[PDB]
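Whatever order the structure lists ligands and atoms in, that order sets their numbers, starting from 1. Along the sequence shown, the residues carry numbers beginning at 1.
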Amino acid sequence: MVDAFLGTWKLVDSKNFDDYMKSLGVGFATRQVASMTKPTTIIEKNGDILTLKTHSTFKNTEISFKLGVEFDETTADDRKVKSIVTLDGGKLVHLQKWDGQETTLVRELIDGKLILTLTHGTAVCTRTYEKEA
Ligand SMILES: CCCCCC/C=C\CCCCCCCCCC(=O)O
Ligand SMILES: N[C@@H]1[C@@H](O)[C@H](O)[C@@H](COP(=O)(O)O)O[C@@H]1O
């Protein structure tokens, strides 16, 4: 059900990422580097375990999870959160909860591109990833 998301993806457009980071309390110097970083995201499955790697020249992350089962996560910006990833309307929806706060990381395939929408507070960031062969 998650198969068209699988593979290696490269960032090719970003809108409002500074707003999103600032909403999360990320400091100005980190935002500055992040605004010039183009991550590679690798999504793989093994049975119903997904592994999502995010690689860059600044920070790397990796998470593994089963759809629909909560997992602990420590984010790129060092938030310790309770997470769950599900499919919803064909979109991969990742919800993070901590300190009563929430943020969603929603991935959808549109015309073969992977569109990542990040929402926290009022901030809405849209990042476009393109498949690598
Ligand atoms: C590992 C690389 C994280 C993105 C590169 C910037 C690095 C650090 C700044 C704090 C980011 C925090 C929220 C990341 C949201 C996902 C971005 C995406 O997957 O596009
Ligand atoms: N296990 C932690 C992660 O939970 C946290 O996300 C990361 C910060 O990012 P980076 O590894 O790029 O410093 O540090 C470790 O790897």
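- With respect to atom 12 (C) of ligand 1, the closest heavy atom belonging to the protein is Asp77 OD1, 3.8 Å.
- Protein heavy atom at the shortest distance from atom 10 (P) of ligand 2 is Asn60 O, 3.6 Å.
- The side chain to side chain donor-acceptor pair (under 3.5 Å) with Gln96 is formed by just one residue from the set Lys80, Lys82, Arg79; it is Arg79.
- Between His120 and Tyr20, the ring planes lie perpendicular to each other; the angle is over 60°, past the 30° to 60° tilted range.
- Residue-to-ligand polar distances keep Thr30 apart from ligand 1: every N/O pair is separated by 3.5 Å or more.
- Given atom 15 (C) of ligand 1, the protein heavy atom at minimum distance is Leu118 CD1, 4.0 Å.
- Looking at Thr86, its side chain never comes within 3.5 Å of a backbone N or O of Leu67 through a donor-acceptor pair.
- Near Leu116, the atoms of ligand 1 lying under 4.0 angstrom from a non-hydrogen atom of the residue are 18 (C), 19 (O), 20 (O).
- When only interatomic distances are considered, the shortest N/O to N/O separation between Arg127 and ligand 1 falls below 3.5 Å.
- Distance screen at 4.0 Å: atom 16 (O) of ligand 2 has no protein heavy-atom neighbour inside the cut-off.
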- Let me see the working for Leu116 and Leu118 under side chain to side chain contact (heavy atoms under 4.5 Å, CB included), right down to the final yes or no. CA-CA 6 Å; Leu116 172 65; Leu118 303 172; 3.7 Å; yes
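- For atom 14 (O) of ligand 2, the nearest non-hydrogen atom from the set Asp78, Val81, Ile63, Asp72 comes from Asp78.
- Taking all heavy atoms of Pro39, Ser56, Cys125 into account, the minimum distance to atom 4 (C) of ligand 1 is reached by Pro39.
- Considering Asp77, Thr75, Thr61 only, the shortest heavy-atom separation from atom 6 (O) of ligand 2 involves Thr75.
- Distance screen at 4.0 Å: atom 1 (N) of ligand 2 has no protein heavy-atom neighbour inside the cut-off.
- Heavy-atom proximity to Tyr129, at under 4.0 Å, picks out these atoms of ligand 1: 18 (C), 19 (O), 20 (O).
- Between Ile84 atom CD1 and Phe65 atom CZ the span is 10.5 Å, to the nearest 0.5 Å.
- No side-chain heavy atom of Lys53 sits less than 4.5 Å from a side-chain heavy atom of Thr41.
- Proximity of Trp9 to ligand 1, defined as any heavy-atom pair under 4.0 Å, is not found for any part of the residue.
- Nearest non-hydrogen protein atom to atom 13 (C) of ligand 1 is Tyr20 CE2, 4.0 Å.
- When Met36, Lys59, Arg31 are checked for heavy-atom proximity to atom 1 (C) of ligand 1, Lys59 turns out nearest.
- Considering only heavy atoms from C-beta on, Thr119 stays 4.5 Å or farther from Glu102 through its side chain.
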- Task: Could you please spell out the steps behind the side chain to side chain contact (heavy atoms under 4.5 Å, CB included) verdict for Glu62 and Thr51?
- Result: CA-CA 7 Å; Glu62 180 174 315; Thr51 298; 3.6 Å; yes
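- Nearest residue to atom 3 (C) of ligand 1 from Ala76, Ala34, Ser14, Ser35 is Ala76 (criterion: closest heavy atom).
- Shortest non-hydrogen contact noted between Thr37 and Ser56 is CG2-CB, 3.4 Å.
- Taking each heavy atom of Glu73 and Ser83 in turn, the nearest pair found is OE1-OG, 2.6 Å.
- Atoms of ligand 1 lying under 4.0 Å from at least one heavy atom of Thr54, given by number and element, are 1 (C), 2 (C).
- Across every non-hydrogen atom of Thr61 and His55, the tightest pair is O-CD2, 4.5 Å.
- Scanning all protein heavy atoms for the shortest distance to atom 3 (C) of ligand 2 gives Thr74 O, 3.6 Å.
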